[PDB]
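What follows is a short report on a single structure.
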Ligand SMILES: CCCCCCCCCCCCCCCCCC(=O)OC[C@H](COP(=O)([O-])OCC(O)COP(=O)([O-])OC[C@@H](COC(=O)CCCCCCCCCCCCCCCCC)OC(=O)CCCCCCCCCCCCCCCCC)OC(=O)CCCCCCCCCCCCCCCCC
Ligand SMILES: CCCCCCCCCCCCCCCCCC(=O)OC[C@H](COP(=O)([O-])OCC(O)COP(=O)([O-])OC[C@@H](COC(=O)CCCCCCCCCCCCCCCCC)OC(=O)CCCCCCCCCCCCCCCCC)OC(=O)CCCCCCCCCCCCCCCCC
Ligand SMILES: CCCCCCCCCCCCCCCCC[C@@H](O)O[C@H](CO[C@H](O)CCCCCCCCCCCCCCC)COP(=O)(O)OCC[N+](C)(C)C
Ligand SMILES: CCCCCCCCCCCCCCCCC[C@@H](O)O[C@H](CO[C@H](O)CCCCCCCCCCCCCCC)COP(=O)(O)OCC[N+](C)(C)C
Ligand SMILES: CCCCCCCC/C=C\CCCCCCCC(=O)O[C@H](COC(=O)CCCCCCC/C=C/CCCCCCCC)COP(=O)(O)OCCN
């Protein structure tokens, strides 16, 4: 829910990297749980233990991606002394993409994920800076 | 969000309030009406072609009825559209007149007093 | 190397590959009401908490 | 300017009411008359534009483009009637209808006073072109070529639509005169950077910019001859026209957002010129030539100087004429031997001398021999780039040498040597083909005689 | 049948010179082809090309090149005689410009 | 005998008629933008003893 | 089935929809939905076969669940405010359940699985009815409560509908399933602009209904339900294939065709709010619908597929039944963009 | 969407049952008749947005 | 050529003036309409964005078999 989002976003950028990584790991784990729930519903795994294995695999993948993204993003922000710079989010996104590539054992997936997650995270940082709204409230 | 659904004095299924009679009707040579007649003529041609009839010559009464019907509907459509736009402008002007604080007319400045930054192209 | 392979690889071939994979993922359902009614239950529960608990 | 629009709309029922054996004659005669009428648009002013109404206006940048469109229609008609002889009457009329609709959309695009109307027409030009390519092409690659042509264009053009409606909600107008008079600088923020990209990428993909040009060889090779003519001569210039129009509101952000596109244009100019040196298909060579020349035009528009704008206008007109002529020259040999491979039919100067003369003149204008308007545009752009930075001359210099090399390579491979022994079906050149080449080439030199008519509004 | 489909054979191409040794390449019908040649030549070379080039050559000077030249001659004459500078760096009179009060 | 000639070559008047109609419509469009006729600071002029409007 | 009984059932379907549209009481709206469903179930089984029976069963189960949730949301709203009038819906949980129930009725993603299946399992006339008339009541109810709607849920479901419609349509060779995925994407477009302007929702609904009617009537005219059976129509009626090609182009959203108008107006309306990212994604995604419309146009009109010998016998006979409104539907589907400012009469 | 046929023809198809303060049989009152009456009277004719505040 | 095919510069000059006036007024009107729509939807005190409320004429003002309603 938005409680996790607020827990992540309340901490300043280049401070307390361990807490930010923990919040990112929680967000990733929640996303992975939802993904595994939908996957099990639409694609039954033929065995309870197999369903547990698939849930654990998806959840661990997502949690690891989130943890890596948060850790490297915060570390870069505090090392460069440059908060509010999208390049930190780009680095975190590429690190998460390379984590996904290592997790699926595929070089092409790793490279594509690095590029796309880095670009998406940088875009999210730009949106936070400039006030871009994904779901604008009706104004007129 | 519905802007005009509940405007006071609106009659539910009227399509043409009596207030609309105070506006000049569209001219019968209005280019929009001519385009509606063109749409009716195209419908007649397509009707001829689908039924495997000579496209241009098959039914002149049918083509005339098509053009006439499209023009007839378009006239009232244009009247209603113009009425709605007149209503919108009337409401806009009344609201601006009744809320002077939200629409201030500030002092005019000539270009000889406004400092604009110059960006060279080189 | 560039015009026939990599410029092709990055923009149009990647787009085609991704769209085809997602089309295969989305469109390949067995048509069993059990599975996607379970999906409906998951959606309903998520919806109350994710968007409904926050008003 | 309804005195030009209405006669084309009348070309439509004139074609659909003609006898089965007079469609080409009627279409050609009335297309030529419409071109003569459009010739009156060249009487332009020195300070403002001709403001015909609230909807249409004519500048010194769009008048030569309109004249080029109206002049290109009859040439396409003459070039098409050879290979469409076995077609039924209804399908021939539909082909002519597609060409007429394309001309009408192009004529309205170059004179629209608002940016949204310009967008709607510049996007409506897609349907006739796609239909022509995918219906009257020869090989099975035409379907893929149509898909590439469609989606490359739309993926660039839709963000432009979003940006345009946003700009109208912000400033209250999209009318070009109001936009010009009430111009305000763009700050340096991520929102403004993405607005710049949305306003620029559609025109970039139309040119097309190097790395975004893969659709062009497919579409220009797989199309019929009239499709290739109008794709190379007019439809590529939509990007340049739109970019010179839209750059009015992009300052001072362009001062640094132009760097990646400038580097892409110069290096990809070198690359496409080099690609022309090893090409087995004669039409793909002409397509890559178009890419190189358009890269030069992109550079000129991006550096934003009066000399660069003059050079861009002149180069666009000259390239349209030259590339259309080259495509027709290649189509003659294709119709003779039914193959596009360049080294199949050789020594053609022995068999067709006058066609060899036409080949020589076309390839001389391709390499920008002075004092052709090709060279006038190229030299203006080179001078503007040199003022921008003295190191561009090296890249520009390399391009000039390479262009000459591949142009004369094409000429020597096709015309000189010894004729292939097994090919015995090379009939003499028809009067129609010679008239087509003459009507391509004579206006080029006539325009050289009076070059201020193609130098744009910055003159 | 060891075939896949019923199809017409690919036909040989027709030579317009066979039935018309002077064929002009416009149509198979000699009369229509001759008149197509005639209308193309007359309306392309005789009408649009030559007459249009003459019209463009004799277009009136709406670009105001000669007017500008004469105006500049008048201005140079007046400024040279009076001892005034030929040209001024500022194109706008500073009396109508109001700079900001403070620069500190 | 002109019946067949007319029925074979009546498609030759569509384009000139469209041209003259476009000229007429352009004149009509110009007729609706005279709000500043003889009113600009650069071209404001006293009327001649006979003429009514400075341009049409 | 007796023609009199069929006409009575059709009028009962329309009576339920009109009762939904004219009522002021939540109970009467629920009754209208019940009556509409009760009359609609037999129309889906008019041509009896196992596939039609399966389609009817799936439709009944989905719609009965949706109406149960609808009634529960009404009762919760009554509990927290003793109001039966259809208004701003004073309770948020009730509004969430109401939104989910109406989305289930419309077939918006995540609850979009039933639409391809029911459309493929019934006849083309039943599909025409299901994909045109059955959208009116839930959309009208959504329009009447648009102020209390939560944008985050509605916009999420709309974007999911556009994405899933495009992706699912990419994979189909059956024409009814293609139509169903197209319907899903257009429903997404309709519901994306609902919290901002209901006039745009109505305009998009009308244009979509016109294009869908034209497409279904063209498909009924040339009795094709698969891509390969539609590939034969050129050798029997080429005019039908040409008109279908132009209508398919219009459905794609290419200017200057009428299909482009709703997307254009919705993008403008969303940029009148802040809302920049969402229209950009929506257009980029509608490119997928354009892709599979273009593939259908390639297969049926722009190339000629091989035919069979027995088509010669069909050449000798004409179409007996004639659809009187098909030419007007085609013209309205294609050549209506210049009349865009007439949408002001919709509000 | 909503076609106010009842308002146009003056029919009262279902408005009689919408609120608790509207003409019950034998004049039996709702438990919260006065509160609903006051809320309705206070919010009548000012529109939904103004009324909520 | 000038006498036969073209007019003087003043015609184009003043037509441009008229066009510019019309377009500027339209732009100002568009901006003003957007602002008015924003204010009306925010405050709900204008003719636009009026949402239905229960009719007061539905209330029965009769003795209710109990003195306290
Ligand atoms: C418009 C004009 C034109 C533009 C468009 C055209 C040009 C751009 C597109 C074309 C090139 C882009 C392609 C990217 C790589 C594609 C990978 C791929 O296709 O995977 C599927 C494909 C399928 O593989 P699979 O099915 O998963 O398994 C079978 C494997 O093949 C079996 O694998 P294996 O057993 O043979 O060994 C694989 C192993 C070992 O590979 C080998 O066996 C041989 C050793 C090769 C490794 C090279 C690393 C050491 C040399 C680097 C020296 C310096 C770099 C140059 C810069 C100099 C600066 C002055 O590689 C690794 O373990 C990877 C670990 C990471 C080390 C390499 C990555 C370095 C990142 C570059 C940093 C650049 C930052 C910016 C710098 C700015 C200053 C200029 O993967 C491969 O087979 C290729 C493996 C190697 C890929 C990494 C090479 C990196 C190339 C440079 C990337 C820069 C471009 C992207 C920049 C944007 C990103 C944010
Ligand atoms: C923007 C500015 C204004 C433009 C407006 C928009 C465009 C024009 C209006 C569009 C609608 C009007 C026509 C609708 C009915 C056409 C249906 C048809 O089949 O026509 C055949 C029909 C020939 O049939 P027939 O004469 O009975 O005997 C021959 C057999 O039927 C032999 O027939 P068959 O069936 O055996 O032949 C088979 C053939 C049959 O297939 C077709 O004929 C295709 C026709 C489809 C109709 C178009 C769809 C609906 C309209 C949407 C247009 C969208 C335009 C926007 C841009 C997008 C481009 C698509 O199929 C094929 O060969 C397959 C070829 C594949 C090519 C795919 C391209 C098709 C789409 C192209 C549409 C372009 C616009 C219309 C083109 C003109 C059509 C006549 O054509 C005509 O003769 C009628 C056309 C001329 C009527 C207007 C003349 C007015 C009177 C003259 C005086 C003018 C007054 C001036 C006032 C001043 C005083 C002097
Ligand atoms: C194949 C051909 C395709 C067509 C080519 C299109 C060209 C697009 C390139 C865009 C040009 C510039 C875009 C943004 C302008 C500056 C870029 C940035 O790197 O510069 C620095 C930006 O700093 C860092 O680089 C932050 C950006 C890092 C994240 C961006 C991701 C780049 C990774 C490469 C992905 C490939 C993109 C293209 C996809 C195909 C400047 O520092 P800063 O002053 O702080 O930012 C200026 C903006 N301010 C003033 C509002 C603050
Ligand atoms: C086959 C055998 C060939 C060889 C034999 C040939 C024999 C000799 C004939 C060759 C002529 C030699 C050329 C020498 C130049 C003399 C002509 C020149 O003096 O005229 C120019 C005039 O040339 C014209 O201005 C240029 C022609 C315009 C070209 C437009 C082309 C027509 C439209 C066709 C379609 C358009 C397609 C392209 C779209 C943009 C001068 O311009 P200008 O300095 O002012 O005149 C000053 C006096 N004025 C102003 C009062 C008139
Ligand atoms: C086939 C190749 C063609 C590819 C072309 C695609 C690239 C197009 C460029 C990006 C288009 C999206 C821009 C959106 C339109 C701009 C309008 C605008 O100005 O909006 C900005 C907001 O700008 C944005 O939101 C844009 C964010 C981007 C969202 C979508 C990302 C698309 C992909 C990004 C990277 C790709 C772009 C470059 C690609 C180069 C070509 C390959 C102002 O909004 P406000 O909120 O009011 O500002 C102040 C108040 N906060």
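Observations on the structure shown:
- Residue selected from the stretch G:83-107 under the condition part of a loop (DSSP other than H, G, I, E, B) and away from chain C (no Cβ under 11 Å), by the criterion farthest from residue G:190 (Cα to Cα): G:83
- Members of the stretch D:281-314 found to be farther than 23 Å from residue D:264 by Cα and part of a helix (DSSP H, G or I), listed by number: D:282, D:283
- Residues in the stretch G:158-187 that are touching a residue at least 24 places away in the same chain (Cβ under 8 Å), over 13 Å from residue G:290 (Cα atoms) and outside any helix (DSSP H, G or I): G:172, G:173, G:174.
- Restricting D:452, D:427, D:418 to residues that are within 12 Å of chain E (Cβ to nearest Cβ), farther than 30 Å from residue E:39 by Cα, away from ligand 1 (no atom under 16 Å from the Cβ) and out of contact with any strand residue (DSSP E or B) (no Cβ under 6 Å at 6 or more places or on another chain) narrows the list to D:452.
- Members of the stretch D:237-260 that are in contact (Cβ under 8 Å) with a residue 60 or more places away in the chain and either in contact with a strand residue (DSSP E or B) (Cβ under 7 Å, 6 or more places away or on another chain) or under 22 Å from residue D:153 (Cα atoms) (or both): D:237, D:238, D:240, D:241, D:242, D:244, D:245, D:246, D:250, D:257
- Some residue of the stretch H:43-50 being more than 8 Å from chain I (Cβ to nearest Cβ) and closer than 22 Å to residue G:148 by Cα: no
- Restricting attention to the stretch D:7-28, the residues that are within 10 Å of chain F (Cβ to nearest Cβ) and surrounded by fewer than 21 Cβ atoms within 10 Å (Cβ to Cβ) add up to 7.
- Test: residue in the stretch D:315-328 that is within 16 Å of ligand 1 (Cβ to nearest atom), buried (at least 24 other Cβ atoms within 10 Å of the Cβ) and in a helix (DSSP H, G or I): no
- Reported count of residues in the stretch A:94-113, each being over 19 Å from residue A:73 (Cβ atoms) and either within 14 Å of chain G (Cβ to nearest Cβ) or within 13 Å of ligand 3 (Cβ to nearest atom) (or both), is 2.
- If you go through the stretch G:63-82 and keep only what is away from every other protein chain (no Cβ under 11 Å) and either touching a residue at least 40 places away in the same chain (Cβ under 8 Å) or in a loop (DSSP other than H, G, I, E, B) (or both), you end up with G:63, G:70, G:71, G:74, G:77.
- Test: residue D:209 is under 29 Å from residue D:290 (Cα atoms), more than 14 Å from chain I (Cβ to nearest Cβ) and assigned to a helix (DSSP H, G or I): no
- Residues located in the stretch I:15-49, provided they are within 14 Å of chain H (Cβ to nearest Cβ) and either over 30 Å from residue F:35 (Cβ atoms) or surrounded by fewer than 16 Cβ atoms within 10 Å (Cβ to Cβ) (or both): I:38, I:39, I:40, I:41, I:42, I:43, I:44, I:45, I:46, I:47, I:48, I:49
- Residue check, residue F:28 more than 9 Å from chain D (Cβ to nearest Cβ), surrounded by 10 or more Cβ atoms within 10 Å (Cβ to Cβ) and under 30 Å from residue D:35 (Cα atoms): yes
- Of residues in the stretch D:430-445 being assigned to a helix (DSSP H, G or I) and facing chain E (nearest Cβ under 7 Å), the one nearest to residue D:355 (Cα to Cα): D:433
- Search result, residues across the stretch A:77-90 that are on the phi < 0 side of the Ramachandran plot, within 16 Å of ligand 3 (Cβ to nearest atom) and surrounded by fewer than 21 Cβ atoms within 10 Å (Cβ to Cβ): A:79, A:80, A:82, A:83, A:85, A:86, A:87
- Checking each residue in the stretch C:22-39 for being facing chain G (nearest Cβ under 7 Å) and in a loop (DSSP other than H, G, I, E, B) picks out C:29, C:31.
- Search result, residues across the stretch G:32-58 that are more than 14 Å from chain H (Cβ to nearest Cβ) and within 30 Å of residue G:147 (Cα to Cα): G:33, G:34, G:35, G:36, G:37
- Any chance residue G:247 is closer than 30 Å to residue A:139 by Cβ and away from ligand 4 (no atom under 16 Å from the Cβ): no
Let's see how each residue does on (1) within 10 Å of another protein chain (Cβ to nearest Cβ); (2) within 16 Å of ligand 5 (Cβ to nearest atom); (3) crowded, with 16+ Cβ neighbours inside 10 Å:
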{"position": "G:252", "(1), (2), (3)": "yes, no, yes"}
{"position": "G:258", "(1), (2), (3)": "no, no, yes"}
{"position": "G:267", "(1), (2), (3)": "yes, yes, yes"}
{"position": "G:270", "(1), (2), (3)": "yes, yes, yes"}
{"position": "G:289", "(1), (2), (3)": "no, no, yes"}
{"position": "G:310", "(1), (2), (3)": "no, no, no"}
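- Criterion violated by residue D:157 - all others in (1) more than 16 Å from ligand 5 (Cβ to nearest atom); (2) more than 9 Å from every other protein chain (Cβ to nearest Cβ); (3) touching a helix residue (DSSP H, G or I) at 6+ places or on another chain (Cβ under 7 Å) satisfied: (1)
- Qualifying residue in the stretch A:114-125 (condition: more than 13 Å from ligand 3 (Cβ to nearest atom), within 20 Å of residue A:72 (Cβ to Cβ) and within 12 Å of the chain's Cα centre (by Cα)): no
- Flag for residue C:15 being within 16 Å of ligand 3 (Cβ to nearest atom), within 12 Å of chain G (Cβ to nearest Cβ) and either surrounded by 13 or more Cβ atoms within 10 Å (Cβ to Cβ) or within 20 Å of residue G:288 (Cα to Cα) (or both): yes
- Meets criteria (within 16 Å of ligand 4 (Cβ to nearest atom) and closer than 17 Å to residue D:451 by Cα) for residue E:53: yes
- The stretch A:103-121: number of residues that are free of Cβ contacts under 8 Å to residues at least 40 places away in the same chain, within 30 Å of residue A:12 (Cβ to Cβ) and within 11 Å of ligand 1 (Cβ to nearest atom): 6
- Exactly one residue among D:448, D:420, D:414, D:383 is surrounded by fewer than 19 Cβ atoms within 10 Å (Cβ to Cβ), part of a helix (DSSP H, G or I) and either over 20 Å from the mean Cα position of the chain (by Cα) or within 16 Å of ligand 3 (Cβ to nearest atom) (or both), and that residue is D:383.
- Within the stretch D:137-183, the set of residues being part of a loop (DSSP other than H, G, I, E, B) and in contact (Cβ under 8 Å) with a residue 60 or more places away in the chain comprises D:137, D:138, D:139, D:141, D:174, D:183.
- Count of residues meeting criterion [more than 10 Å from ligand 5 (Cβ to nearest atom) and loosely packed, with under 15 Cβ neighbours inside 10 Å] in the stretch A:117-137: 2
Values in this text are rule-based calculations from the coordinates and carry no lab data. Note that we place each Cβ from the backbone using ideal geometry, even for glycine, and neighbour counts take in every protein chain shown.
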